[PDB]
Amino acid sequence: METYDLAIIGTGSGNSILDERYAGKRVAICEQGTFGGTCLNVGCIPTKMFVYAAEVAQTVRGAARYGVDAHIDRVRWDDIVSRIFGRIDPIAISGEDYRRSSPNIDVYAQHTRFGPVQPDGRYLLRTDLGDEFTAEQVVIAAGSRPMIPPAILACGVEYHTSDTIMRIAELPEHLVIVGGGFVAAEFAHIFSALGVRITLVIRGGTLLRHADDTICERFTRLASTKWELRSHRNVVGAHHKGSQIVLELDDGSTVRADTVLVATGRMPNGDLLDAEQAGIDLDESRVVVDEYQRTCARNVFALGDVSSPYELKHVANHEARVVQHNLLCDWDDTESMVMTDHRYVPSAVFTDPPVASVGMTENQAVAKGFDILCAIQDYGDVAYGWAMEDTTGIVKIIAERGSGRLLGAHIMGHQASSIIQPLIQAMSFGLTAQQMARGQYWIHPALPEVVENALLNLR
């Protein structure tokens, strides 16, 4: 049997643990699917590349408003797919070849599960091919997998998820999306901008439900006029028809289209590990960790989607950095170990219009007993908004009345994930709304003026 000092399950953020302080340790790396994890191959990187091409075509479509007459000749979808994954696919292969060609690193390209704990305290791990080995320390970075409602699985009908939809053979003409979360908004924007008709089936009444009240309402109303919304509807049946899909809904409604995309959330992969037998406490399928990314089993760490309350790459990378440090400390010397920082986690939805958020919503601050100052700033009230002829963009800021402390910011409009970064910075370092507005210059007539004027109109 092979002996290892460390074992890492998952090559997403889990691939970022190894640094100079680990050379000289024999480590085992386990990857079920493609090397590099979800973000690089079927997540953040390819999706946003698809979003950019979509927004380029959206620009051509609405060019007449600015006095430029244009039209779209052809959408070379095969060339779009090939250009994107033509740069991604070699990276996963070369990145796998970098670990394989290391003398101290052994790569196991199989699904790995926890075996029984050995007498000496080490952990046994076995793959689906029956290859076993031991390791003194283990990191669980197994990520998550898409959740599919039971009725679609029971009907055995062919479907798409985020993991398959980006490599469809050719662009469909009508696409149903079940669900209305981050994945649904982005992929509805991508395909509709490329000409596809879109139908959304959501069990609720609104899109991006957990966003701020103002954003959720306004975003849903805008979406309703460009995509077909079937509110308050679950799928209870589905079947094929030639090359089309039919969706039977809970009220007897039907939805017929060429393909279906299921965007109904994801599920942590902590249940596919035999974790609880080895002392790794599970909350349903989520690995439980403390403030140090430590599980309940000794010398076992977890990070990322498999354990974090956030399904975000910039959180998973920070959690891996915590694990990278805490693996080189004694398991019980907690005060030489570093804690995870979830204090001001931001997020963005690369849909149309783009959305970005950090901190508390308005309702969250009132429900926590805050005396709030609030402002909603239209893009159209600022010079850069004039050049855009913008009528829907907004930035909403919530602040405490006493100190001027920044409590939340939520943007729906052009460059949302960009112009929110100063608000992220101010919150993370205790900058007040007064200081941020007038203790620094804002370039005229650049877009950040919309944030500046939002701070000045806090009432």
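Residue numbers run from 1 along the displayed sequence.
Here the stretch with the larger average CA B-factor, out of 362-370 and 131-139, is 131-139. Stretches 92-100 and 184-192 differ in mean C-alpha B factor, with the higher average recorded for 92-100. The entry lists C-alpha B-factors for 47, 34, 415, 421, and the highest of these is at 34. Comparing the C-alpha B-factors of 317, 253, 377, 199 in the entry, the top value falls on 253. Compared with the other modelled residues of the chain, the Cα B-factor recorded for residue 83 ranks in the middle third. Remark: residue 69 belongs to the highest third of its chain, ranked by C-alpha B-factor as recorded. Sorting the modelled residues of the chain by their CA temperature factor places residue 356 in the lowest third. In the PDB entry, residue 126 places in the highest third of its chain by CA B-factor. Remark: residue 43 belongs to the middle third of its chain, ranked by C-alpha B-factor as recorded.
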